[PDB]
file data.cif (mmCIF, C-alpha atoms and all ligand atoms)
data_entry
#
loop_
_atom_site.label_atom_id
_atom_site.label_comp_id
_atom_site.auth_asym_id
_atom_site.auth_seq_id
_atom_site.Cartn_x
_atom_site.Cartn_y
_atom_site.Cartn_z
CA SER A 87 -68.98 -4.14 21.00
CA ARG A 88 -65.37 -5.24 21.19
CA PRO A 89 -61.92 -3.80 20.52
CA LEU A 90 -60.75 -4.12 16.92
CA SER A 91 -57.66 -5.95 18.15
CA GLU A 92 -59.93 -8.67 19.61
CA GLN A 93 -62.23 -8.83 16.58
CA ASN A 94 -59.12 -9.11 14.41
CA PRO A 95 -56.02 -10.27 16.33
CA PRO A 96 -52.64 -9.60 14.72
CA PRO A 97 -50.89 -12.67 13.24
CA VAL A 98 -48.19 -14.70 14.97
CA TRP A 99 -45.73 -13.13 12.52
CA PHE A 100 -46.66 -9.51 13.24
CA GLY A 101 -43.32 -8.78 14.90
CA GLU A 102 -41.51 -10.04 11.80
CA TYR A 103 -43.72 -7.80 9.64
CA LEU A 104 -42.46 -4.86 11.69
CA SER A 105 -38.82 -5.92 11.80
CA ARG A 106 -38.49 -6.99 8.16
CA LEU A 107 -40.11 -3.75 7.01
CA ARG A 108 -37.76 -1.71 9.19
CA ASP A 109 -34.62 -3.65 8.27
CA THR A 110 -35.37 -3.66 4.53
CA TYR A 111 -36.84 -0.18 3.99
CA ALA A 112 -35.67 2.02 6.89
CA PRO A 113 -32.52 0.56 8.48
CA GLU A 114 -31.56 4.08 9.49
CA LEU A 115 -34.55 6.12 10.55
CA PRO A 116 -34.80 9.62 9.11
CA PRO A 117 -35.32 12.57 11.46
CA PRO A 118 -38.85 13.63 12.25
CA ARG A 119 -39.89 17.20 11.56
CA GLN A 120 -38.60 19.78 13.97
CA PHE A 121 -40.02 23.01 12.48
CA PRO A 122 -40.28 26.14 14.67
CA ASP A 123 -44.09 25.79 14.97
CA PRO A 124 -46.40 22.82 14.40
CA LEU A 125 -48.45 25.09 12.11
CA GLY A 126 -45.63 24.87 9.58
CA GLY A 127 -45.67 21.07 9.91
CA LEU A 128 -49.42 20.97 9.32
CA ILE A 129 -49.09 23.11 6.20
CA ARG A 130 -46.19 21.00 4.98
CA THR A 131 -48.32 17.89 5.45
CA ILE A 132 -51.17 19.52 3.50
CA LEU A 133 -48.76 20.19 0.59
CA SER A 134 -47.74 16.52 0.59
CA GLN A 135 -51.27 15.10 0.29
CA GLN A 136 -52.45 14.13 -3.20
CA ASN A 137 -49.04 15.19 -4.49
CA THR A 138 -45.65 13.88 -5.57
CA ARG A 139 -42.76 14.28 -3.12
CA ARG A 140 -40.83 16.48 -5.58
CA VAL A 141 -43.73 18.87 -6.18
CA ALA A 142 -44.69 19.10 -2.51
CA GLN A 143 -41.12 19.99 -1.56
CA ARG A 144 -40.88 22.64 -4.30
CA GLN A 145 -44.18 24.09 -3.07
CA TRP A 146 -42.97 24.28 0.51
CA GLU A 147 -39.83 26.10 -0.62
CA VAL A 148 -41.79 28.54 -2.76
CA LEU A 149 -44.59 29.06 -0.22
CA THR A 150 -42.22 29.88 2.64
CA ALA A 151 -39.98 32.08 0.49
CA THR A 152 -43.06 33.99 -0.67
CA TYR A 153 -44.52 34.23 2.85
CA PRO A 154 -41.69 34.17 5.44
CA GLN A 155 -44.34 34.47 8.18
CA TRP A 156 -47.86 33.08 7.89
CA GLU A 157 -49.33 36.52 8.60
CA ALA A 158 -48.34 37.48 5.04
CA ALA A 159 -50.16 34.47 3.60
CA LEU A 160 -53.31 35.30 5.54
CA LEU A 161 -53.20 38.89 4.21
CA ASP A 162 -52.69 37.68 0.62
CA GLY A 163 -55.85 35.59 0.88
CA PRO A 164 -56.75 32.33 -0.83
CA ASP A 165 -56.20 33.83 -4.31
CA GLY A 166 -52.65 34.83 -3.45
CA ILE A 167 -51.89 31.49 -1.84
CA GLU A 168 -53.37 29.70 -4.89
CA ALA A 169 -51.17 31.65 -7.28
CA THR A 170 -48.13 30.94 -5.16
CA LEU A 171 -48.85 27.21 -5.04
CA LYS A 172 -49.61 27.05 -8.76
CA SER A 173 -46.29 28.71 -9.59
CA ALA A 174 -44.39 25.81 -8.02
CA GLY A 175 -46.18 23.28 -10.23
CA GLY A 176 -48.75 20.69 -9.29
CA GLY A 177 -52.51 20.70 -9.21
CA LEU A 178 -55.25 21.22 -6.65
CA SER A 179 -53.81 24.67 -5.91
CA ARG A 180 -57.26 26.20 -5.38
CA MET A 181 -58.35 23.41 -3.00
CA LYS A 182 -55.12 23.60 -1.02
CA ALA A 183 -55.14 27.40 -0.89
CA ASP A 184 -58.68 27.45 0.50
CA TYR A 185 -57.80 24.75 3.01
CA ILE A 186 -54.64 26.52 4.22
CA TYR A 187 -56.32 29.93 4.26
CA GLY A 188 -59.21 28.56 6.32
CA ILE A 189 -56.84 27.25 8.98
CA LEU A 190 -55.00 30.57 9.21
CA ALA A 191 -58.22 32.60 9.36
CA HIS A 192 -59.60 30.35 12.11
CA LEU A 193 -56.41 30.60 14.15
CA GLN A 194 -56.25 34.38 13.84
CA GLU A 195 -59.87 34.93 14.86
CA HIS A 196 -60.32 32.30 17.58
CA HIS A 197 -56.88 31.11 18.76
CA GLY A 198 -55.10 34.41 19.32
CA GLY A 199 -52.70 34.14 16.38
CA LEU A 200 -51.04 32.00 13.77
CA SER A 201 -49.55 29.25 15.89
CA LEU A 202 -50.16 25.69 16.98
CA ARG A 203 -47.55 25.69 19.73
CA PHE A 204 -50.29 24.95 22.30
CA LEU A 205 -50.38 21.40 20.91
CA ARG A 206 -46.99 20.80 22.54
CA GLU A 207 -48.29 21.72 26.00
CA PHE A 208 -50.74 18.82 26.44
CA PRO A 209 -49.37 16.09 28.71
CA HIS A 210 -47.48 13.16 27.19
CA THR A 211 -50.01 10.65 28.48
CA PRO A 212 -52.82 8.88 26.62
CA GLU A 213 -55.20 11.59 27.80
CA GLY A 214 -52.90 14.39 26.61
CA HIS A 215 -52.26 12.71 23.26
CA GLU A 216 -56.03 12.51 22.77
CA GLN A 217 -56.33 16.25 23.51
CA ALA A 218 -53.68 16.94 20.87
CA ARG A 219 -55.52 14.72 18.39
CA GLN A 220 -58.87 16.44 19.14
CA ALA A 221 -57.30 19.92 18.71
CA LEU A 222 -55.88 19.03 15.28
CA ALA A 223 -59.23 17.45 14.33
CA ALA A 224 -60.96 20.70 15.38
CA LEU A 225 -59.16 22.69 12.66
CA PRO A 226 -61.28 23.34 9.57
CA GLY A 227 -60.75 20.81 6.79
CA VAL A 228 -58.23 18.67 8.72
CA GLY A 229 -59.11 14.97 8.42
CA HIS A 230 -57.91 11.96 10.40
CA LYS A 231 -55.03 11.08 8.07
CA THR A 232 -53.51 14.53 8.44
CA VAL A 233 -54.13 14.58 12.21
CA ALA A 234 -52.16 11.31 12.55
CA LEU A 235 -49.32 12.59 10.37
CA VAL A 236 -48.86 15.81 12.32
CA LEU A 237 -48.95 13.99 15.66
CA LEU A 238 -46.30 11.52 14.50
CA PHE A 239 -44.06 13.82 12.46
CA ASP A 240 -44.26 17.15 14.25
CA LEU A 241 -45.25 16.50 17.83
CA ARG A 242 -43.42 13.25 18.72
CA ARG A 243 -46.77 11.78 19.76
CA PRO A 244 -47.45 8.08 19.15
CA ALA A 245 -50.20 8.28 16.54
CA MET A 246 -50.24 5.60 13.85
CA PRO A 247 -50.77 7.14 10.41
CA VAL A 248 -51.47 4.56 7.72
CA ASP A 249 -51.27 5.84 4.16
CA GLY A 250 -53.03 4.32 1.17
CA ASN A 251 -49.94 2.29 0.19
CA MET A 252 -49.71 0.74 3.65
CA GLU A 253 -53.40 -0.03 3.67
CA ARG A 254 -53.22 -1.76 0.28
CA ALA A 255 -50.37 -3.95 1.55
CA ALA A 256 -52.22 -4.60 4.85
CA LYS A 257 -55.24 -5.88 2.95
CA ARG A 258 -53.07 -8.04 0.63
CA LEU A 259 -51.38 -9.46 3.74
CA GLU A 260 -54.86 -9.93 5.24
CA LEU A 261 -53.83 -8.03 8.36
CA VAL A 262 -57.21 -6.31 8.10
CA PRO A 263 -60.41 -7.39 6.31
CA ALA A 264 -61.01 -5.99 2.86
CA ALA A 265 -64.15 -3.98 3.73
CA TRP A 266 -62.63 -1.82 6.47
CA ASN A 267 -62.33 1.83 5.56
CA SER A 268 -59.13 3.83 5.98
CA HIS A 269 -60.12 5.30 9.34
CA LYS A 270 -60.96 1.86 10.77
CA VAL A 271 -57.64 0.47 9.47
CA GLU A 272 -55.81 3.30 11.24
CA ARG A 273 -57.75 2.62 14.43
CA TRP A 274 -56.80 -1.08 14.27
CA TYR A 275 -53.12 -0.32 13.80
CA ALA A 276 -53.25 2.17 16.70
CA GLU A 277 -54.78 -0.55 18.92
CA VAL A 278 -52.30 -3.31 18.04
CA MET A 279 -49.03 -1.45 17.60
CA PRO A 280 -46.53 -1.09 20.43
CA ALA A 281 -47.27 2.16 22.18
CA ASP A 282 -43.93 3.89 21.67
CA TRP A 283 -43.36 6.67 19.17
CA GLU A 284 -40.23 5.15 17.65
CA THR A 285 -41.82 1.85 16.69
CA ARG A 286 -44.81 3.65 15.17
CA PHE A 287 -42.58 6.09 13.29
CA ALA A 288 -40.46 3.21 12.01
CA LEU A 289 -43.59 1.41 10.71
CA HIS A 290 -44.87 4.53 8.98
CA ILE A 291 -41.56 5.33 7.27
CA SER A 292 -40.84 1.74 6.28
CA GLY A 293 -44.46 0.91 5.43
CA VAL A 294 -44.88 3.86 3.09
CA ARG A 295 -41.70 2.87 1.29
CA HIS A 296 -42.70 -0.80 1.07
CA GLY A 297 -46.21 -0.06 -0.14
CA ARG A 298 -45.12 2.49 -2.73
CA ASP A 299 -41.97 0.82 -4.03
CA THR A 300 -42.70 -2.90 -3.61
CA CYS A 301 -46.46 -3.56 -3.03
CA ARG A 302 -47.43 -1.47 -6.03
CA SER A 303 -51.04 -1.33 -7.07
CA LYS A 304 -50.36 -2.72 -10.51
CA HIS A 305 -47.46 -5.12 -10.70
CA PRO A 306 -46.29 -5.55 -7.13
CA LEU A 307 -42.78 -6.94 -6.70
CA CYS A 308 -43.68 -9.98 -4.60
CA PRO A 309 -40.56 -12.02 -5.49
CA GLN A 310 -38.47 -9.18 -4.07
CA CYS A 311 -40.72 -8.53 -1.05
CA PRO A 312 -39.48 -9.53 2.41
CA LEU A 313 -43.05 -10.34 3.51
CA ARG A 314 -43.69 -12.86 0.71
CA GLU A 315 -43.58 -15.88 2.98
CA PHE A 316 -46.42 -14.50 5.12
CA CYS A 317 -48.51 -12.96 2.35
CA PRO A 318 -51.68 -14.71 1.13
CA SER A 319 -51.76 -12.56 -2.05
CA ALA A 320 -48.28 -13.17 -3.43
CA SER A 321 -49.16 -16.39 -5.23
CA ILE A 322 -52.06 -14.71 -7.03
CA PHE A 323 -49.82 -11.96 -8.40
CA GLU A 324 -46.91 -14.25 -9.20
CA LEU A 325 -48.91 -16.85 -11.08
CA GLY A 326 -50.88 -14.09 -12.76
CA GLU A 327 -47.95 -12.41 -14.56
CA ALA A 328 -46.75 -15.85 -15.69
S1 LIG B 1 -45.80 -10.40 -1.27
FE1 LIG B 1 -46.62 -9.02 -2.92
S2 LIG B 1 -48.77 -8.56 -2.32
FE2 LIG B 1 -47.72 -9.45 -0.47
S3 LIG B 1 -46.99 -7.64 0.69
FE3 LIG B 1 -45.28 -8.28 -0.64
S4 LIG B 1 -45.51 -7.03 -2.57
FE4 LIG B 1 -47.48 -6.89 -1.43
CO CO B 2 -42.76 -7.99 -14.40
#
call {"tool": "encode", "arguments": {"input": "data.cif", "output": "structure tokens"}}
result
Amino acid sequence: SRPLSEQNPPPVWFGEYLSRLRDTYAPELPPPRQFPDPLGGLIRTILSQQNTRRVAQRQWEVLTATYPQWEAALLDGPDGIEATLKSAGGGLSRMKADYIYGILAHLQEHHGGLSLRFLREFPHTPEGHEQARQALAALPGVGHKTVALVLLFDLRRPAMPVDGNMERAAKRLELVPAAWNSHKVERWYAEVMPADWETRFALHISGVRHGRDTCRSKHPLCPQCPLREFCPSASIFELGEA
């Protein structure tokens, strides 16, 4: 076997991909999440998945107003959490309630209480970051995309979350081959990207914005995309709408 970065080296213009995305879409980086406990960050990330930004934010507001401490959510059970989520709008309330409840119940029974503060105590070394990743991945229902998001957003650890928008753009740019699944795409990005948190955070913020707002699934805005000169797919889309 062979590292993904050797099977698939980044292009000569990779640095310009990073800098043009940052300059165009995130010239001033937003703050990462600094919640009292990473458990709150994890739950906030769960609310964001398969959801609009507006609904996820309303749900966070309503959920935390309803349950000022997570102990109250655990007592109210998945039915209570579901009702709370449903009241703020948005679907998948039953799925999300079960998922959140399962995390809380696991933490209470086996981790001494409703907290993920222990994630902050692992060393800030590649070995410690891997422990933090493994601990998030050991929570019931928590998949790799959410693990990467919590590491990057809540823990200041240099994971490399790649959302579906970013992946679509990466495949159109031919940064990664079409057949690679989302987890393999994340692994490739984590191998090739500069190791530092800030660069990785900047790519995630700017890449999500680019993929959502420019490299749209139907009708991408190639003429207005700063990556057009590097992109093998632009001509197909441009000539197509003509
Ligand atoms: S040129 Fe078009 S297809 Fe290529 S990255 Fe930009 S928006 Fe996406
Ligand atoms: Co048009």
call {"tool": "closest_atom_pairs", "arguments": {"input": "data.cif", "of": "chain A", "to": "ligand LIG 1 (chain B)", "cutoff": "9 Å", "atoms": "all atoms listed in the file", "output": "JSON lines"}}
result
{"residue": "A:254", "atom": "CA", "partner": "B:LIG1", "partner_atom": "FE4", "distance": 7.9}
{"residue": "A:255", "atom": "CA", "partner": "B:LIG1", "partner_atom": "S3", "distance": 5.1}
{"residue": "A:256", "atom": "CA", "partner": "B:LIG1", "partner_atom": "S3", "distance": 7.3}
{"residue": "A:257", "atom": "CA", "partner": "B:LIG1", "partner_atom": "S3", "distance": 8.7}
{"residue": "A:258", "atom": "CA", "partner": "B:LIG1", "partner_atom": "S2", "distance": 5.2}
{"residue": "A:259", "atom": "CA", "partner": "B:LIG1", "partner_atom": "FE2", "distance": 5.6}
{"residue": "A:296", "atom": "CA", "partner": "B:LIG1", "partner_atom": "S4", "distance": 7.7}
{"residue": "A:297", "atom": "CA", "partner": "B:LIG1", "partner_atom": "FE4", "distance": 7.1}
{"residue": "A:299", "atom": "CA", "partner": "B:LIG1", "partner_atom": "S4", "distance": 8.7}
{"residue": "A:300", "atom": "CA", "partner": "B:LIG1", "partner_atom": "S4", "distance": 5.1}
{"residue": "A:301", "atom": "CA", "partner": "B:LIG1", "partner_atom": "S4", "distance": 3.6}
{"residue": "A:302", "atom": "CA", "partner": "B:LIG1", "partner_atom": "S4", "distance": 6.8}
{"residue": "A:303", "atom": "CA", "partner": "B:LIG1", "partner_atom": "FE4", "distance": 8.7}
{"residue": "A:305", "atom": "CA", "partner": "B:LIG1", "partner_atom": "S4", "distance": 8.6}
{"residue": "A:306", "atom": "CA", "partner": "B:LIG1", "partner_atom": "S4", "distance": 4.9}
{"residue": "A:307", "atom": "CA", "partner": "B:LIG1", "partner_atom": "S4", "distance": 5.0}
{"residue": "A:308", "atom": "CA", "partner": "B:LIG1", "partner_atom": "FE1", "distance": 3.5}
{"residue": "A:309", "atom": "CA", "partner": "B:LIG1", "partner_atom": "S1", "distance": 6.9}
{"residue": "A:310", "atom": "CA", "partner": "B:LIG1", "partner_atom": "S4", "distance": 7.5}
{"residue": "A:311", "atom": "CA", "partner": "B:LIG1", "partner_atom": "FE3", "distance": 4.6}
{"residue": "A:312", "atom": "CA", "partner": "B:LIG1", "partner_atom": "FE3", "distance": 6.7}
{"residue": "A:313", "atom": "CA", "partner": "B:LIG1", "partner_atom": "FE3", "distance": 5.1}
{"residue": "A:314", "atom": "CA", "partner": "B:LIG1", "partner_atom": "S1", "distance": 3.8}
{"residue": "A:315", "atom": "CA", "partner": "B:LIG1", "partner_atom": "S1", "distance": 7.3}
{"residue": "A:316", "atom": "CA", "partner": "B:LIG1", "partner_atom": "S1", "distance": 7.6}
{"residue": "A:317", "atom": "CA", "partner": "B:LIG1", "partner_atom": "FE2", "distance": 4.6}
{"residue": "A:318", "atom": "CA", "partner": "B:LIG1", "partner_atom": "FE2", "distance": 6.8}
{"residue": "A:319", "atom": "CA", "partner": "B:LIG1", "partner_atom": "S2", "distance": 5.0}
{"residue": "A:320", "atom": "CA", "partner": "B:LIG1", "partner_atom": "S1", "distance": 4.3}
{"residue": "A:321", "atom": "CA", "partner": "B:LIG1", "partner_atom": "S1", "distance": 7.9}
{"residue": "A:322", "atom": "CA", "partner": "B:LIG1", "partner_atom": "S2", "distance": 8.4}
{"residue": "A:323", "atom": "CA", "partner": "B:LIG1", "partner_atom": "FE1", "distance": 7.0}
{"residue": "A:324", "atom": "CA", "partner": "B:LIG1", "partner_atom": "FE1", "distance": 8.2}
call {"tool": "residues_around", "arguments": {"input": "data.cif", "residues": "residue 145 in chain A", "least_positions_apart": "5", "cutoff": "10 Å", "atoms": "all atoms listed in the file", "output": "VMD selection string"}}
result
chain A and resid 130 133 to 134 139 to 140 150 to 151 170 to 176
call {"tool": "residues_around", "arguments": {"input": "data.cif", "residues": "residue 283 in chain A", "least_positions_apart": "6", "cutoff": "10 Å", "atoms": "all atoms listed in the file", "output": "list in words"}}
result
residues 237, 238, 239, 242, 243, 244, 245, 246 and 289 of chain A
call {"tool": "residues_around", "arguments": {"input": "data.cif", "residues": "range 179-193 of chain A", "least_positions_apart": "3", "cutoff": "12 Å", "atoms": "all atoms listed in the file", "output": "PDB file with C-alpha atoms, keeping the file's coordinate frame"}}
result
ATOM      1  CA  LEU A 125     -48.450  25.090  12.110  1.00  0.00           C
ATOM      2  CA  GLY A 126     -45.630  24.870   9.580  1.00  0.00           C
ATOM      3  CA  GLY A 127     -45.670  21.070   9.910  1.00  0.00           C
ATOM      4  CA  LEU A 128     -49.420  20.970   9.320  1.00  0.00           C
ATOM      5  CA  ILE A 129     -49.090  23.110   6.200  1.00  0.00           C
ATOM      6  CA  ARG A 130     -46.190  21.000   4.980  1.00  0.00           C
ATOM      7  CA  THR A 131     -48.320  17.890   5.450  1.00  0.00           C
ATOM      8  CA  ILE A 132     -51.170  19.520   3.500  1.00  0.00           C
ATOM      9  CA  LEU A 133     -48.760  20.190   0.590  1.00  0.00           C
ATOM     10  CA  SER A 134     -47.740  16.520   0.590  1.00  0.00           C
ATOM     11  CA  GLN A 135     -51.270  15.100   0.290  1.00  0.00           C
ATOM     12  CA  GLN A 136     -52.450  14.130  -3.200  1.00  0.00           C
ATOM     13  CA  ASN A 137     -49.040  15.190  -4.490  1.00  0.00           C
ATOM     14  CA  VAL A 141     -43.730  18.870  -6.180  1.00  0.00           C
ATOM     15  CA  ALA A 142     -44.690  19.100  -2.510  1.00  0.00           C
ATOM     16  CA  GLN A 145     -44.180  24.090  -3.070  1.00  0.00           C
ATOM     17  CA  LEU A 149     -44.590  29.060  -0.220  1.00  0.00           C
ATOM     18  CA  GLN A 155     -44.340  34.470   8.180  1.00  0.00           C
ATOM     19  CA  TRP A 156     -47.860  33.080   7.890  1.00  0.00           C
ATOM     20  CA  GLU A 157     -49.330  36.520   8.600  1.00  0.00           C
ATOM     21  CA  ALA A 158     -48.340  37.480   5.040  1.00  0.00           C
ATOM     22  CA  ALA A 159     -50.160  34.470   3.600  1.00  0.00           C
ATOM     23  CA  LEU A 160     -53.310  35.300   5.540  1.00  0.00           C
ATOM     24  CA  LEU A 161     -53.200  38.890   4.210  1.00  0.00           C
ATOM     25  CA  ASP A 162     -52.690  37.680   0.620  1.00  0.00           C
ATOM     26  CA  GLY A 163     -55.850  35.590   0.880  1.00  0.00           C
ATOM     27  CA  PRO A 164     -56.750  32.330  -0.830  1.00  0.00           C
ATOM     28  CA  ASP A 165     -56.200  33.830  -4.310  1.00  0.00           C
ATOM     29  CA  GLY A 166     -52.650  34.830  -3.450  1.00  0.00           C
ATOM     30  CA  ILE A 167     -51.890  31.490  -1.840  1.00  0.00           C
ATOM     31  CA  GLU A 168     -53.370  29.700  -4.890  1.00  0.00           C
ATOM     32  CA  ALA A 169     -51.170  31.650  -7.280  1.00  0.00           C
ATOM     33  CA  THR A 170     -48.130  30.940  -5.160  1.00  0.00           C
ATOM     34  CA  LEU A 171     -48.850  27.210  -5.040  1.00  0.00           C
ATOM     35  CA  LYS A 172     -49.610  27.050  -8.760  1.00  0.00           C
ATOM     36  CA  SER A 173     -46.290  28.710  -9.590  1.00  0.00           C
ATOM     37  CA  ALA A 174     -44.390  25.810  -8.020  1.00  0.00           C
ATOM     38  CA  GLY A 175     -46.180  23.280 -10.230  1.00  0.00           C
ATOM     39  CA  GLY A 176     -48.750  20.690  -9.290  1.00  0.00           C
ATOM     40  CA  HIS A 196     -60.320  32.300  17.580  1.00  0.00           C
ATOM     41  CA  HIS A 197     -56.880  31.110  18.760  1.00  0.00           C
ATOM     42  CA  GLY A 198     -55.100  34.410  19.320  1.00  0.00           C
ATOM     43  CA  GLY A 199     -52.700  34.140  16.380  1.00  0.00           C
ATOM     44  CA  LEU A 200     -51.040  32.000  13.770  1.00  0.00           C
ATOM     45  CA  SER A 201     -49.550  29.250  15.890  1.00  0.00           C
ATOM     46  CA  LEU A 202     -50.160  25.690  16.980  1.00  0.00           C
ATOM     47  CA  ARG A 203     -47.550  25.690  19.730  1.00  0.00           C
ATOM     48  CA  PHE A 204     -50.290  24.950  22.300  1.00  0.00           C
ATOM     49  CA  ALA A 221     -57.300  19.920  18.710  1.00  0.00           C
ATOM     50  CA  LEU A 222     -55.880  19.030  15.280  1.00  0.00           C
ATOM     51  CA  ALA A 223     -59.230  17.450  14.330  1.00  0.00           C
ATOM     52  CA  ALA A 224     -60.960  20.700  15.380  1.00  0.00           C
ATOM     53  CA  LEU A 225     -59.160  22.690  12.660  1.00  0.00           C
ATOM     54  CA  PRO A 226     -61.280  23.340   9.570  1.00  0.00           C
ATOM     55  CA  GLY A 227     -60.750  20.810   6.790  1.00  0.00           C
ATOM     56  CA  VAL A 228     -58.230  18.670   8.720  1.00  0.00           C
ATOM     57  CA  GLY A 229     -59.110  14.970   8.420  1.00  0.00           C
TER      58      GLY A 229
END
call {"tool": "residues_around", "arguments": {"input": "data.cif", "residues": "residue 89 in chain A", "least_positions_apart": "5", "cutoff": "12 Å", "atoms": "all atoms listed in the file", "output": "PyMOL selection string"}}
result
chain A and resi 94-95+270+273-278
call {"tool": "residues_around", "arguments": {"input": "data.cif", "residues": "residue 205 in chain A", "least_positions_apart": "6", "cutoff": "9 Å", "atoms": "all atoms listed in the file", "output": "compact mmCIF listing (two decimals) with C-alpha atoms, in the frame of the given file"}}
result
# COMPACT_ATOMS: atom_id res chain seq x y z
CA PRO A 124 -46.40 22.82 14.40
CA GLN A 217 -56.33 16.25 23.51
CA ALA A 218 -53.68 16.94 20.87
CA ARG A 219 -55.52 14.72 18.39
CA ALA A 221 -57.30 19.92 18.71
CA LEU A 222 -55.88 19.03 15.28
CA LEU A 241 -45.25 16.50 17.83
call {"tool": "atom_distance", "arguments": {"input": "data.cif", "atom1": "CA of residue 147 in chain A", "atom2": "CA of residue 233 in chain A"}}
result
22.4 Å
call {"tool": "closest_residue", "arguments": {"input": "data.cif", "among": "A:288, A:91, A:248, A:282", "to": "residue 267 in chain A", "atoms": "only C-alpha atoms"}}
result
A:248
call {"tool": "atom_distance", "arguments": {"input": "data.cif", "atom1": "CA of residue 143 in chain A", "atom2": "CA of residue 107 in chain A"}}
result
25.3 Å
call {"tool": "atom_distance", "arguments": {"input": "data.cif", "atom1": "CA of residue 266 in chain A", "atom2": "CA of residue 279 in chain A"}}
result
17.6 Å
call {"tool": "axis_aligned_box", "arguments": {"input": "data.cif", "around": "range 282-299 of chain A", "padding_each_side": "8 Å", "output": "JSON"}}
result
{"center_x": -43.2, "center_y": 2.9, "center_z": 8.8, "size_x": 22.0, "size_y": 23.5, "size_z": 41.7}
call {"tool": "closest_residue", "arguments": {"input": "data.cif", "among": "A:90, A:138, A:148, A:117", "to": "residue 177 in chain A", "atoms": "only C-alpha atoms"}}
result
A:138
call {"tool": "closest_residue", "arguments": {"input": "data.cif", "among": "A:236, A:328, A:110, A:120", "to": "ligand CO 2 (chain B)", "atoms": "only C-alpha atoms and all ligand atoms"}}
result
A:328
